[PDB]
Amino acid sequence: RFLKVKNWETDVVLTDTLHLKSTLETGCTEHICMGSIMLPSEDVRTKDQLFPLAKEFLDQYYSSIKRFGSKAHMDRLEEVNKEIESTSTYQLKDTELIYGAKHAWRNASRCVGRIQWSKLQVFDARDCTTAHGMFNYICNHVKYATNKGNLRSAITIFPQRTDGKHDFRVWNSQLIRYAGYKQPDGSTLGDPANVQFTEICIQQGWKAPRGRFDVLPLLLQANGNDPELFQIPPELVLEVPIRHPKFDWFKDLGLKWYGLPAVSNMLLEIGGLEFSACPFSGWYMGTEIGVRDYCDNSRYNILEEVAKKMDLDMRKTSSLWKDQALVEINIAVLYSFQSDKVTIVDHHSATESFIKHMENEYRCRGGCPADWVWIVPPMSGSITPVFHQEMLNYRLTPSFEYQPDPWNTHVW
Amino acid sequence: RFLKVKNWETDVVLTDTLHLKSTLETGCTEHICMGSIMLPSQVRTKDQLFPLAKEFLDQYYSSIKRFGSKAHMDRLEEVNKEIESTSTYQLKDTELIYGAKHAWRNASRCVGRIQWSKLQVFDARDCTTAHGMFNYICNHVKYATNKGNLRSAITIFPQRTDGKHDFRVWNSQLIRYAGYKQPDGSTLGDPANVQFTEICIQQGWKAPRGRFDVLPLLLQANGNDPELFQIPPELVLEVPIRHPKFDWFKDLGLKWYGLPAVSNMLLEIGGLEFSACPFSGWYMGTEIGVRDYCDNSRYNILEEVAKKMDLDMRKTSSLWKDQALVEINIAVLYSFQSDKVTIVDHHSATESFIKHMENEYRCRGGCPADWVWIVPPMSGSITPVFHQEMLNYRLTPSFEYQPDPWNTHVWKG
Ligand code: HEM
Ligand code: HEM
Ligand SMILES: Cc1cc(N)nc2cc(-c3cccc(CCN)c3)ccc12
Ligand SMILES: Cc1cc(N)nc2cc(-c3cccc(CCN)c3)ccc12
Ligand SMILES: C[C@H](O)[C@H](O)[C@H]1CNc2nc(N)[nH]c(=O)c2N1
Ligand SMILES: C[C@H](O)[C@H](O)[C@H]1CNc2nc(N)[nH]c(=O)c2N1
Ligand SMILES: [Zn+2]
């Protein structure tokens, strides 16, 4: 049970001991594997639920600074112990906060970009009290992370849950996303994935330009209050016009995308403490836009339009016109970003980086939890090295977790 | 207990009750998922054999709507006495056919299972020698091939008894190309087959030493040392690969065989183990175009193809690899269709499987599926299986992996 993982392209074999420190459960059993389930499974921590969680976290922390078993360690354990017995919760030291966040990223088994995990910019926003205040922290995040196209990793951490009545939440799924409107006649204009949220905004007071690439407004909820709309200043939203380096007609498709991927609907858990609002951001892998955002049938779905322009034989599937078109689109996305000097990585580069990162983690940590179903890119799978890499998936803490959408729960 | 799966593209939700009939184990635990391990670890006595027999017979007679009948009870009784008396038992023909078909049906890594009920089962349980094996296999190949109009088939050799008298096909597939390790480090032919090739040569094979030499059959009967046989070339249907627009593609000198026929797996039915049971269907295009040609550890022709297309091969973000892969796959499909050899593209096959899967949820209560393997090795998310949640669990009858015989065999000499 000190498990081994093989790379079948290189015969490299790695021994995993880190999985033995796993806390939470996977959702698999000896009888059934649920590795392809998108999301397997009021609850405020009780007093005695929280001490062991806090102790577990402080133990890793003081080991990581080579102070395990020290006076400083013991003192802190005691101090937090006292504070929970007293206040029914506790507060992280800035240093612990930063360690917790960086390690939540390190432990994210579905993330392929984790080779960068130690270079995360952490913005402490725990002094925040209002949606306007939240708006301000978020604008600063966006401007810092964007950095004129030279993107930088960042997370902004708002106050922690207390009793579930005073939660901080960003209602958008990403800080920057295009709107989606269902036409009265056909299907959808803009981005179909955002049709419900685009409507909640409107139903909350937003006036929409009803274009195909309208940046959504922010819906910000502080201390469990009704949320508020804020438009992100356009000069803070860096966008890229999409053109092909060979096909002049590509520009005429009229497509663009934003440079900053910034997920804002997940929950960060450290030492038992729950941060329900913690937007984090990095930079795109090319296929996230080109393969998923543009070509998914339930998104922009521009494949047929493009194949048309290329004059491919769309009569039978065995001509592989979708594949051919798909490649060109993704060539264009990378070409556009690179030309405009906005940070982006191709799926070949990022998967190779991740193999290197796996190597490092097995060597200096004893393993690296990884979710094959998510790590392997949605195109050209087997000509990337992660395809032939066996991976073990297990859940370590600190972690990012999913949480219900606010509008289904909000005590309005 | 119910279990739901969701298709995230169509929002279709299905309910799995079949997983409750699962007996075997996955390799996963409460705290670890081993879903991407290629071969998880996941001589049998009468102690454990009659429960296994009873389970199978209960299934079998349920499917034919005779559960609890006299024919069912007498059959149970007959199998019981045969086991306590002889320490094994024999399957009737009907049972064997049901067995092989349900094994395929239960094969969670197989995207082609829509076809599972149309399997041609050849009973070679009266075979006793390697020569007899060679003859059964020749006939399999002739029948399956059918002049390019392929037919699914399986040939079943005698079951294991004491594990000292096993029937084995030492080839991983009935038809495969040689691989030769050259002194300078390079490989001639198929790198996947170098080790098996070396065995054949040792056993007295005279190697042509080309890049597409069909390997000889290495056949073991009754636990005896294996013998070489050459498949008659008129029986091996091959297809030269050309591209519909690139005239220089044919000059790359590629070809591939038409019949995929896997011969190293173990068929388990009602506790009985059939260690030699070659089965065949037809190719999905990506098996050849993506894995056989473009894997770095295989023929690895991406470079040569990228050069002739004059692609920007300097930085990878030009996606020259991705572009070359598509053209090669286009060529493979075009060539097979032109020669009227049965083949299916990954778009058609994944679509068929989603239909199969839905049908299996309705009429059977589930469909075990291994996402890691079902999703095609190129253009993943534009196929409908990518967005489909799947539960993976093991049912019997089943096909299992077994170790290479040259590692476990006791040599006679
Ligand atoms: C810096 C470059 C980064 C790249 C290239 C990257 C790439 C990716 C990709 C491709 C996915 C799959 C999601 C999808 O396909 O839609 C993913 C998921 C994810 N990423 Fe990263 N990411 C980066 C930075 C970050 C950062 C800075 C964080 C947090 C601090 C992060 C946390 C996560 C998490 C939590 C998931 C989902 C994990 C889960 O659901 O368990 N990523 N990332
Ligand atoms: C008729 C057309 C068929 C097609 C297109 C097809 C396709 C495939 C493919 C692509 C794989 C994955 C192999 C790889 O990617 O390396 C697979 C796996 C498999 N197939 Fe099929 N197959 C077909 C017929 C059959 C038949 C006739 C049988 C047996 C009677 C069979 C049994 C299996 C088994 C046992 C596996 C591995 C399953 C496991 O380990 O769970 N298939 N199939
Ligand atoms: C920081 C970051 C960068 C990036 N390029 N992609 C991300 C993708 C995610 C992500 C996580 C869960 C689900 C999703 C959307 C599902 N395809 C995205 C989260 C963060 C990301
Ligand atoms: C009958 C049949 C047809 C087909 N097109 N592919 C198969 C592929 C397999 C197969 C199963 C496990 C492993 C492998 C090779 C390793 N990728 C192939 C087995 C049977 C097949
Ligand atoms: C059903 C399946 O689990 C789902 O489509 C997953 C598959 N793999 C993925 N992988 C990545 N990187 N992103 C995704 O959104 C998904 N979707
Ligand atoms: C390590 C990994 O599980 C291994 O490379 C698997 C991945 N998925 C696959 N899927 C198919 N269809 N065929 C394969 O050979 C593999 N190989
Ligand atoms: Zn699992």
Side-chain angles (χ1 to χ4, degrees), chain A residues 22-28 33-45 53 100-101 103-114 117 155-161 164 167-177 193-194 196-197 200 218-221 224 227 261-282 288 292-293 296 298-299 369-375 378 393-410, chain B residues 3-9 11 13 30-31 33 35 371 386-391:
Chain A
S22 167
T23 42
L24 286 160
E25 300 151 45
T26 62
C28 296
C33 171
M34 297 198 156
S36 72
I37 307 294
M38 176 98 67
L39 337 149
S41 308
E42 48 280 35
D43 310 335
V44 150
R45 256 64 164 184
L53 293 190
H103 272 72
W105 183 7
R106 203 192 190 166
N107 297 345
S109 60
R110 295 184 164 165
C111 180
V112 72
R114 284 180 280 158
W117 72 266
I155 180 167
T156 294
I157 301 163
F158 291 110
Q160 67 205 45
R161 180 173 278 107
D167 283 356
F168 286 65
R169 293 287 304 259
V170 167
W171 279 35
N172 317 39
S173 54
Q174 289 165 267
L175 300 177
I176 292 165
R177 282 203 92 170
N194 299 310
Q196 180 175 18
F197 183 75
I200 301 180
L218 295 164
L219 244 197
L220 302 190
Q221 169 189 339
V263 161
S264 53
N265 59 359
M266 296 195 72
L267 182 160
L268 158 71
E269 185 195 66
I270 296 161
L273 299 180
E274 296 185 316
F275 300 93
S276 56
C278 59
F280 53 87
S281 74
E288 295 180 87
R292 303 306 311 283
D293 292 319
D296 273 9
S298 39
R299 299 289 296 284
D371 185 333
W372 196 101
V373 178
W374 285 62
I375 302 299
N393 195 26
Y394 48 92
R395 304 217 301 166
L396 303 176
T397 192
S399 60
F400 298 108
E401 303 292 349
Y402 294 90
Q403 29 170 13
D405 275 331
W407 46 90
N408 309 124
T409 358
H410 182 215
Chain B
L3 276 184
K4 304 184 317 162
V5 294
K6 180 181 188 178
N7 187 287
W8 284 94
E9 180 184 26
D11 285 330
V13 177
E30 218 50 64
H31 294 284
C33 174
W371 191 102
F386 183 94
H387 305 274
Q388 179 67 64
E389 294 185 331
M390 297 171 193
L391 305 168

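Computed over heavy atoms, backbone and side chain alike; hydrogens, waters and symmetry mates excluded. Letters A, B, ... are given to chains in the order of the sequence lines, protein chains preceding strands, and every chain is numbered from 1.
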* **Under 3.5 Å: donor-acceptor pair, side chain of A/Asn107, backbone of A/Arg395** => no

* **Distance-only donor-acceptor check, side chains A/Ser109 and A/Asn393, under 3.5 Å** => yes

* Find the distance between CH2 (A/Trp372) and SG (B/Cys33) and round it off to the nearest 0.5 Å. => 12.0 Å

* Asked: Nearest 0.5 Å, what's the CG-NE2 distance between B/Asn7 and B/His387?
  -> 8.0 Å

* To do: Sequence neighbours left out, what passes salt bridge (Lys or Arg N to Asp or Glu O under 4.0 Å) with A/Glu274? Give chain and number order.
  => A/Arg45, A/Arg161

* Between A/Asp296 (side chain) and A/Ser298 (backbone), is there a donor-acceptor pair under 3.5 Å? -> no

* Spacing of A/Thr26 atom OG1 and B/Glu30 atom CD [to the nearest 0.5 Å] -> 6.0 Å

* Do side-chain atoms of B/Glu389 reach the backbone of B/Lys6 as a donor and acceptor pair under 3.5 angstrom? -> yes

* Hey, is the main chain of A/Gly164 close enough, under 3.5 Å, to the side chain of A/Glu42 for a donor-acceptor pair? -> no

* Asked: Any side-chain heavy atom of B/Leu3 sitting closer than 4.5 Å to one from A/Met34?
  -> yes

* Could you state the interatomic distance from CD (A/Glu288) to CG (A/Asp293), rounded to the nearest 0.5 Å? -> 7.5 Å

* Close side-chain approach of A/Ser173 and A/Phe197, heavy atoms under 4.5 Å -> no

* To do: Using a 4.5 Å cut-off on heavy atoms from C-beta on, say whether the side chain of A/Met266 contacts that of A/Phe280.
  => yes

* Asked: Testing A/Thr409, A/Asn265, A/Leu267 for side chain to side chain contact (heavy atoms under 4.5 Å, CB included) with A/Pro404, which one passes?
  -> A/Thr409

